[PDB]
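The lines below spell out each chain.
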Amino acid sequence: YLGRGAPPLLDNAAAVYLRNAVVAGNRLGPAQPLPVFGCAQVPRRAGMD
Amino acid sequence: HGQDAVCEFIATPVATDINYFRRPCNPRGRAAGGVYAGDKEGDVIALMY
Amino acid sequence: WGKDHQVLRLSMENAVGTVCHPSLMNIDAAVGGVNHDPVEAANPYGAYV
């Protein structure tokens, strides 16, 4: 869900249900929707080890 | 034997694996350092809580 | 063991970003791409209703 190369599920409830089930807390998961023009914006985390 | 040390108890879920404990890890459960902070302003105190 | 000798784990809830995306159901490139150079009669027994 960081890219778009995929025609979605045709039930728009199904699509948004599963997108934000996956994308919910992901370490990569998109911070704000995937902008149509823009970077997918992986969230940056307060720290790393 | 020497100066009596002092033990302190932080109640933890019994279901915390032993593996986080078979290492130098933080007693509280999560890395609190400022060594890990990204200097993005509020990193530390996000790095933490 | 990750870097730093930390014993790590993957499992299969970890694949939810890959296989739970609607890329699983998109084959139209495949079914059209295998279509060319047509194929012989297949004894359409289980292939026909």
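Residues numbered from 1 in each chain as written, not as in the entry; some residues may be left out. Chains lettered and ligands numbered in written order. Part of a larger assembly, values for the part shown. Heavy atoms only, no water. Residues with missing side-chain atoms left out of burial classes, pairs and counts.

Going by the header, the method for this PDB entry is cryo-EM, and the resolution given is 3.1 Å.

In the nomenclature of the PDB entry, chain C corresponds to Major capsid protein from the organism Human herpesvirus 2. The title given for this PDB entry is "Atomic structure of the herpes simplex virus type 2 B-capsid".

The PDB entry lists chain A under the name Major capsid protein, with Human herpesvirus 2 as the source organism.

Scanning chain A from N- to C-terminus turns up one helix and zero strands. Along the three orthogonal principal directions, the C-alpha set of chain A runs to about 40 × 25 × 15 Å. Taking all contacts inside chain A whose residues are at least 6 apart in sequence as the whole, residues at least 24 apart take part in 35%. (Helix = DSSP H or I, 4+ residues; strand = E, 2+ residues; numbered from the N terminus. Contact = heavy atoms within 4.5 Å.)

Here we come to the environment of A:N26. Residues and elements named next belong to chain A. Among the secondary structure elements, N26 is positioned in the segment after α1 (12–22). Relative accessible area serves as the criterion here: at 33%, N26 is assigned to the partly exposed category. Put simply, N26 and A13 are 13 residues apart on the chain and 20 Å apart in space, counted from C-alpha to C-alpha. A polar side-chain atom of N26 sits 3.3 Å from the main-chain carbonyl oxygen of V22. (Buried < 20%, exposed > 50% of the residue type's maximum accessible area, 1.4 Å probe, protein only. Polar contact = N/O pair within 3.5 Å; in protein donor to acceptor, adjacent residues only side chain to side chain.)

With seven residues of chain A in contact, the opposing surface of chain C contributes seven residues. Both sides of the chain A and chain C interface together cover about 630 Å² of buried area, and 64% of this is carbon and sulfur. Interface area lost by chain A to chain C is led by A:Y1, A:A6 and A:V22, which between them contribute 54%. Here chain A is connected to chain C by zero salt bridges. Connecting chain A to chain C are one residue pair in polar contact. Looking at side-chain class alone, the side of chain A that touches chain C contains seven nonpolar, no polar and no charged residues. (Buried area = accessible area lost by both parts, 1.4 Å probe. Salt bridge = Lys/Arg side-chain N within 4 Å of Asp/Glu carboxyl O. Nonpolar A, V, L, I, M, F, W, Y, C, P; charged D, E, K, R; others polar.)

What follows concerns unusual backbone geometry. The backbone of A:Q41 shows a phi angle near 55 degrees, a positive value even though the residue is not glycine. Relative to the helices and strands, A:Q41 is located in the segment after α1. For C:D4, which is not a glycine, the phi torsion comes out positive at approximately 75 degrees. The topology assignment puts C:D4 in the segment before α1 (16–19).

Right, let's talk about the environment of A:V22 for a bit. Checked against the element boundaries, A:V22 lands in helix α1. On the accessibility criterion, A:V22 (7% relative accessible area) is buried. Along the primary structure A:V22 and A:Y1 are separated by 21 residues, whereas in three dimensions their C-alpha atoms are 8.4 Å apart. Here A:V22 is in contact with A:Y1, C:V16, C:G17 and C:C20, once residues within four sequence places are set aside.

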